[PDB]
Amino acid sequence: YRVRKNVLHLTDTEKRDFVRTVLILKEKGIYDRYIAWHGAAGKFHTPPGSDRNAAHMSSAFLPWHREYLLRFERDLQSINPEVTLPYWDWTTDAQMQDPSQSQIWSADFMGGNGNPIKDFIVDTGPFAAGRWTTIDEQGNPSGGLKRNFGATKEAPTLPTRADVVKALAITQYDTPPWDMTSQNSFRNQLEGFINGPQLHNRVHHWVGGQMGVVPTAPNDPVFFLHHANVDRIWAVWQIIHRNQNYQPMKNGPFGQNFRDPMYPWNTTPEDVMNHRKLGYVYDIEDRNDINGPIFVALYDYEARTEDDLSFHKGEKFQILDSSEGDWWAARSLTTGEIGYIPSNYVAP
């Protein structure tokens, strides 16, 4: 119903409107509730003593951020109902010689890199020091968004589409012991602890500044755009593994199970499992995404890997990735299932 668009597809006036709505949220005092919630969650351990918390390093990571974004989008809309939360596809940016040159970091959107001369404070765009006040872990105004693109050793680059495919392939939502150690965990892989930092965590440390330190990261509006991407990735995974569901269903830590409340709210994973049902959809879920159907199966095809589709002579397809050249990511118009088909089997 409400459509979350890729930052690349936003109109100038869309971008201006998102920025303005955020500045209003900041002025009204609403925005700072989201910083506080995020910090509170991060220090609420499940159970006390573990390094699992309500929002990170555990199974709730995904449903938690979904609910936070849904909440934030609603606040946005209460200001200007036309506004939805866009998403930052960093895998597209990763394709550039210099991802810093992404239009996302323009003075009309998120503004630029930290200024080394000025101690890495941001001095372009609407969130530059002097237009936007930040707070520390304690709540004490620390005045000034900072960023430092790609500066750290562990995270010089943004994750790639291949990095995302690797993750979209994992069959299990999450696995014991439901934390940063989890293996064959779509959730832990997306969070980015498997050979970390990857994907979600990598983006954090790539941006640097407040974004590089989880308790302060929402001081940067881009945190929302980043997380919209993460949620989008999760939604695709849900469409793909439509047979799979969230785990743990039971007997995980309290706060982590399908039906536990996620501190700091009464929202359960279950409550936010079906995003469509929460009133919003990603743009790649309508019609004519980034291309047209190179569809029509020329011949019957039987799958020869786990990530391939089977199909009959006749099935039309919505092609979704072009990268590999020979095997391209598609979606069946009959079955609505998603996986790989070989190019040479379909003609437009």
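When you see a residue number, it is the position in the sequence shown, counting from 1.
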| query | finding |
| --- | --- |
| Given 176 to 184 and 261 to 269, the range whose Cα B-factors average higher in the PDB entry | 176 to 184 |
| 226 to 234 versus 157 to 165 - which carries the larger mean C-alpha B factor in the record | 157 to 165 |
| Options 306, 67, 32, 289 - largest CA temperature factor per the record | 289 |
| Criterion, highest CA B-factor; candidates, 139, 209, 111, 86 | 139 |
| Residue 23 by Cα B-factor - lowest, middle or highest third of the modelled chain | lowest |
| Assigned third (lowest, middle, highest) for the C-alpha B factor of residue 57 | middle |
| Entry-reported Cα temperature factor of residue 4, expressed as the chain third it lands in | lowest |
| Third assignment of residue 242 from its chain's C-alpha B-factors | highest |
| Entry-reported Cα temperature factor of residue 299, expressed as the chain third it lands in | highest |
